[PDB]
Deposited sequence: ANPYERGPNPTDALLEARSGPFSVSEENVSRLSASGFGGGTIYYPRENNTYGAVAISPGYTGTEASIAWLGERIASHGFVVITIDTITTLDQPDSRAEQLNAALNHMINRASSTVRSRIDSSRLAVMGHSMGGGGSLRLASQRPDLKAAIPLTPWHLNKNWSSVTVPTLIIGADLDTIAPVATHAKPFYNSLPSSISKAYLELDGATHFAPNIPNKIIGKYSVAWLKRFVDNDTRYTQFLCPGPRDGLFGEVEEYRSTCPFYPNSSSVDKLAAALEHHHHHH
C-alpha cells in the first residue's frame, strides 16, 4: 500500500468541483513572521494527518489575493498550501525562487504546531504564476528533492531548464501576450529533459491572467499532478495519461506519460 494516499477515490467530477473533499482551515503569516518572503496564508486540512506541502508565488504586481483560490482549492484535496506575498510585488523570478524556498521552510519549521505537524517535510512542491512560475522553475533546478513543480503561464528570461529533474507540469495560455507560449512556456517545456516526468497543458481561450481566475481545468490538472508526484498516488495517473491530448478548454497537451508506473 502507498502510505501517502489521502482522500476518497477520485473522479473527473470530484476534481472539477469548486471544492475537494477536505474541510480546510487557514493560518495567516504576517510579514513580520515571514523571513525571506512577504507573508501569506497557509491553507491546510482540518483532518489531522501528514500531507505534502506546496508553496505558491504570485506574479509581477501580484499579491496573494491573485492566487488565493488555488491555495484553498488544492488544500481541499489534501495538501498544506501557502500562498505567499513577495517582499515586493516587483520582485524578479530568481528572487521569487528564494522566496518560495523560504516559504516552504516557514511551513515546516516556523508555523504553528497545527501546521507543522500536518506536513511530511520530505514531500514538497512549488507552483507560481508568471514570474512566480519562473521562480518555480528556478527553485526546481536548484532543488531536485522537490516532488513537483507547476509553473502557471510562466515568465522567465532564461529559457533553458535542462537542469530540472523535478516532475514539472507547465500550464500555458494560448492568448497570453505577456508571457507568450511561443517565447516562454513552450521553450521551457521543450528544454526540460525528455527523461523526466513532464507535461505541457495549453489552455484554450485564456489570457495571461487565467491562473488568477477560478478555473476547473487548472484546478483538476494541478491537483492530479500534485497527487501523482507529491503523494505517489497512482489513482491519479488516469487523468494525466493519456490526458486531454478539447476545444473551449484545452488547446494542447504534451507529456512523457506514463511516468514509470
Which parts of the deposited sequence lack C-alpha coordinates in this model? Number from residue 1, please. 246 to 247, 264 to 282
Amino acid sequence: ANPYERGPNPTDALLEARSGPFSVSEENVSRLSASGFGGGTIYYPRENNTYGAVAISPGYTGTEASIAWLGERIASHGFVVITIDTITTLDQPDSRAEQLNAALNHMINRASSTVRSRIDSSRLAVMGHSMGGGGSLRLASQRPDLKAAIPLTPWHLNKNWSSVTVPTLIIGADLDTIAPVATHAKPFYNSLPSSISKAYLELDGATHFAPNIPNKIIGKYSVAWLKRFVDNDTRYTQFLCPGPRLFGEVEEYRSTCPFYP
From here on, numbers count along this sequence of modelled residues.
Per the entry, higher mean C-alpha B factor between 73 to 81 and 168 to 176: 168 to 176
Average Cα temperature factor in the PDB entry - higher stretch of 25 to 33, 49 to 57: 25 to 33
Given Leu157, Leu90, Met127, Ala182, identify the residue with the highest C-alpha B factor in the PDB entry. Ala182
Taking the Cα B-factors listed in the entry, which of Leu192, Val230, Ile213, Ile42 comes out highest? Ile213
Of the three thirds of its chain by CA temperature factor, lowest, middle or highest, which one includes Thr86? lowest
In terms of its chain's C-alpha B-factors, the third that includes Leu203 is the highest
Among the chain's modelled residues, which third holds the C-alpha B-factor of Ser95? lowest
Sorting the chain's CA B-factors, does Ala224 end up in the lowest, middle or highest third? lowest
B-factor third for the C-alpha atom of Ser141 within its chain: lowest
